Every structure is written in structure tokens, then in C-alpha cells.
Ligand SMILES: O=c1[nH]c(=O)n([C@H]2C[C@H]3O[C@](c4ccccc4)(P(=O)(O)O)OC[C@H]3O2)cc1CSCP(=O)(O)O
Ligand SMILES: O=c1[nH]c(=O)n([C@H]2C[C@H]3O[C@](c4ccccc4)(P(=O)(O)O)OC[C@H]3O2)cc1CSCP(=O)(O)O
Ligand SMILES: [Mg+2]
Ligand SMILES: [Mg+2]
């Protein structure tokens, strides 16, 4: 809830609120049943298409066709606990929450579907909290909760502390102290927020 | 062009790059030919529907229906000089340009059409520069060029200097020193940028 200055938290959409990896695998197997695939536990590296490309020639292009398809983003399921956690977080005194998400380059469906997904799970009033950007470094905040290990852009010294949200692709990564993780929404996100408050 | 830290400039879309006011009036007159309208020179106040609502009962709702319609955003014409200026600006050494735009609440068409409009006038590579947000105060930069007089949000002390881009609705407004204007894209935008450089 708005403040003074409230603590400001940026929450990533794909891989944090919306299950991109699981949605991808389900749709990939359904469309391409005779192709090999990567079980979620075996995912390595941020870029799904790069791992698929090494598995068999042509699979990178087939992987791409999944996320470029209509309804891919809209039909993603929420991660367990994500809706409940972010609704609670937004309701806290002196706490402003933004959903900070990078859309894919193919813009026909993705931006629209991300607004529609937020309306669906968080309601109309949460639409005011959406920031779409390919550069999260130019968005100022106290915290950024995001599954991508390397978050870079035009601002060499972002104001936020990046808290790494665990995903299968990043789960084995050793981080440089004092970088830290949110292991899932069942993990103690309120302690992380409280650590940044005056 | 990217840097160190480049000077960072946020450029508004509606009323700065895209002619929202002219597009609105043209489509309003075409759809509602028997209703009274507001000539552009006579526009007062940021909110078009508020002025229309005072003109005749029911006109606020008719005005709204124009911007909620398919192709409203996509078919906006660029302001004179806007495309040329922003292409030149983005090409300058040590200068990063973002298009920082607030979409309307009705999300069916507007976000998509804004990406499509940028692709059309600036090309595919400029899509990486789009930031969609209802709160521009949480976007950090040196400058924000925007026709709205009152730009507020979660951050009480934005990093940018807001340069007021002239529109008929704001042209008579006296600003509190040291606030300043860009009167049109024919005006000396490079001098304003240079004033913020080290
Ligand atoms: O975790 C991911 N895993 C993944 O495999 N992809 C695919 C889709 C498509 O996205 C991009 C992408 C790159 C940067 C930002 C967003 C998407 P594309 O738009 O095609 O360039 O990258 C190649 C592809 O890779 C994309 C993501 C990023 S989701 C956005 P955020 O959570 O970082 O906000
Ligand atoms: O200059 C304007 N003149 C104008 O009459 N309108 C209408 C459309 C619709 O937009 C909103 C609007 C409010 C804030 C931000 C963006 C749009 P709505 O989405 O319906 O709440 O406000 C009421 C309506 O008023 C909207 C604008 C803002 S364009 C966005 P930016 O240039 O500030 O980024
Ligand atoms: Mg992510
Ligand atoms: Mg504007």
C-alpha cells in the first residue's frame, strides 16, 4: 500500500509469477510429440532455445514457435504461492509492488496477453502496477525479484538489489556474496523485504 | 548511442511523438458528425473527455469510445519532426533514448498497437527502447519530455527533469521556475540535452 517513500519492490513475471518453463514444455510436447525434449530438472542456461538447439538440429526454431504462438503467455499457470504472496505484499503498509516484465520481440500477442493475465489473477486494479521493459536497470526500486542471473542494461549501477528467484535453470549457480535468493514463494519473502526497510 | 553512463532521455509517445489530439478529433467528427466538438486551438485541460463532458451530456462516453476502438493508436500520425528528431537523438554519442508511454486501462488494442506503431516509424531495433508504465516516476533518467503538466507517482523525487512538451491543452500554462518547455520538435532539443551533460 502507498506511503514519504514506500519500499518499492519489482517482481518479475516469467519464471516468478507465471510458469514459462512448465508451460513451454507442455505445449512443446503436445505440438511436437515425436521430438526429444528437456525435462525441467535437466534445464541448464537461461535460454530454452539454446539448450533445445544442442539437442537436435531444427529444434531451436520449433521451440521458438511455441512462445510466438497465440495464447502461450495467457495460458501460463501461476507458480505455487505467487498470487497469494504478491497480493499480500501489495497490501502491506509502506510497500509499493510493480510487476516488471520484458516482453518478447514478437509483439503480436505477448504484451496484450500479459495485461490479460494480470487482470485474470490479480484483478483490474493491479493493471496500474505493470511495467513492460527490455531494460530493468532503468527502473528504480529497492528490490528486484527475478530468475535471470544476469540483469544488465543502460544503467551501470541500478538502485535495486537483485534477489535471484530460483528456477531449474539457475538452481546450481553459485552467486557472488552478498547476492541472495528467494527459493520459492513459500520462502520467507517478508524477511527479505524487512531487511531493506528503515 | 550507448556509452560509463550515457545521458538518458525518456520521450513520451502520446502528444509528443504521436498526434493523439488530432487523431481523436478526426475520428470523433467522422463517427459523430452531428455532435458538437472542440477545435484543437480551444482544447483546455489534459483530459479530453472532461472538456467534452461539459459540452453536452453523454459526450464523455462518446469521446471514450474513440480511444477504446481498434486502430485508434495504430493510425495516429507522427507529430511533425518527431521521427526525424528522435532518430537523430538516438544516434548521438553517449545518449540513450527510451519511449516512455502510459497505455490506457482498456488493454485489448492499445499496448499491441503502440509496439506496432514504433516498429512502423522507427523500425524493429527501436522496439528494445519501449517502456510501458502508468508511473513514469519509477523510471530513472536525466530528462523526461512529456506534454502532461503534472507527472506524479510512487517516487516523490524523480531523477529526471521534466521538460514540458507544448500541446494546445497546456500552451497557456505558466510553469514554476526553473521548469521549461520544448515548444515542438523544430525547437532546439539538442541544447536542452547538452545542458544536462557533464
Ligand atoms: O527466461 C526466458 N527464457 C526463454 O527461454 N526465453 C525465450 C523467449 C524469447 O525471449 C527473448 C527475450 C530476450 C530478452 C528479454 C525478453 C525476451 P526474444 O524476445 O526472442 O529476444 O529471448 C529469446 C527467446 O528466449 C525468454 C525468457 C525471458 S522471459 C522475460 P523476464 O522474465 O526476463 O522479464
Ligand atoms: O493526454 C491524454 N489525454 C486524454 O484525453 N487521455 C484519455 C484516454 C484515457 O486515458 C486514461 C489514462 C490515464 C492515465 C494514463 C494513461 C491513460 P485511462 O486509461 O482511461 O485511465 O485517462 C482517461 C482517458 O483520457 C489520455 C491521455 C494520456 S495519453 C498517455 P501519456 O502521453 O501520458 O503517456
Ligand atoms: Mg523471468
Ligand atoms: Mg503525452
(request) Under 6 Å between Cβ atoms, at least 6 apart or on separate chains: pull out the pairs that start in the range A:1-27 with a residue that is more than 14 Å from chain B (Cβ to nearest Cβ) and closer than 22 Å to residue A:120 by Cα and end on any residue that is away from ligand 2 (no atom under 16 Å from the Cβ) and part of a loop (DSSP other than H, G, I, E, B). (result) A:15/A:147; A:15/A:167; A:16/A:147; A:18/A:76; A:19/A:76; A:19/A:77; A:19/A:79; A:23/A:76
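Do you know which of the residues in the range B:147-165 that are more than 14 Å from every other protein chain (Cβ to nearest Cβ) and in contact with a strand residue (DSSP E or B) (Cβ under 6 Å, 6 or more places away or on another chain) is farthest from ligand 1 (Cβ to nearest atom)? So that I can check it myself, show each step before the final result.
Let us first name the residues in the range B:147-165 that are more than 14 Å from every other protein chain (Cβ to nearest Cβ), namely B:147-151, B:161-165.
Pick out the ones that are also in contact with a strand residue (DSSP E or B) (Cβ under 6 Å, 6 or more places away or on another chain) and you get B:147, B:151, B:161-165.
On the way: B:147: 29, B:151: 25, B:161: 29, B:162: 28, B:163: 30, B:164: 32, B:165: 30 Å.
Per the stated criteria, the residue is B:164.
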(request) Can you confirm whether the range A:171-183 contains a residue that is within 16 Å of ligand 3 (Cβ to nearest atom), over 27 Å from residue B:129 (Cβ atoms), in the same structural domain as residue A:98 (by CATH) and surrounded by 16 or more Cβ atoms within 10 Å (Cβ to Cβ)? (result) yes
(message) Among the residues that make up the range A:31-51, is at least one of them within 14 Å of chain B (Cβ to nearest Cβ) and either in contact with a helix residue (DSSP H, G or I) (Cβ under 9 Å, 6 or more places away or on another chain) or within 16 Å of ligand 4 (Cβ to nearest atom) (or both)?
(response) no
(request) Output the residue which, of all residues in the range A:109-140 that are in contact with a helix residue (DSSP H, G or I) (Cβ under 7 Å, 6 or more places away or on another chain) and assigned to a loop (DSSP other than H, G, I, E, B), is surrounded by the fewest Cβ atoms within 10 Å (Cβ to Cβ). (result) A:134
(request) Keeping to the range A:83-101, report how many residues are crowded, with 16+ Cβ neighbours inside 10 Å and touching a strand residue (DSSP E or B) at 6+ places or on another chain (Cβ under 8 Å). (result) 10
(request) Select, from B:59, B:76, the only residue that is surrounded by 20 or more Cβ atoms within 10 Å (Cβ to Cβ), more than 14 Å from every other protein chain (Cβ to nearest Cβ), within 15 Å of ligand 2 (Cβ to nearest atom) and within 17 Å of the chain's Cα centre (by Cα). (result) B:76
(request) Name the one entry in B:31, B:44 that is within 18 Å of residue B:148 (Cβ to Cβ), surrounded by fewer than 18 Cβ atoms within 10 Å (Cβ to Cβ) and not assigned by CATH to the domain that holds residue B:194. (result) B:44
(message) Looking only at the range B:98-108, filter to residues that are more than 7 Å from every other protein chain (Cβ to nearest Cβ) and assigned to a strand (DSSP E or B); which one of those is farthest from residue B:129 (Cα to Cα)?
(response) B:101
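Numbers and lists here come from the model and the stated rules, or from a named source; no laboratory read-out is quoted. With ideal geometry, Cβ positions are generated from the backbone for all residues, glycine too; neighbour counts draw on all protein chains shown.
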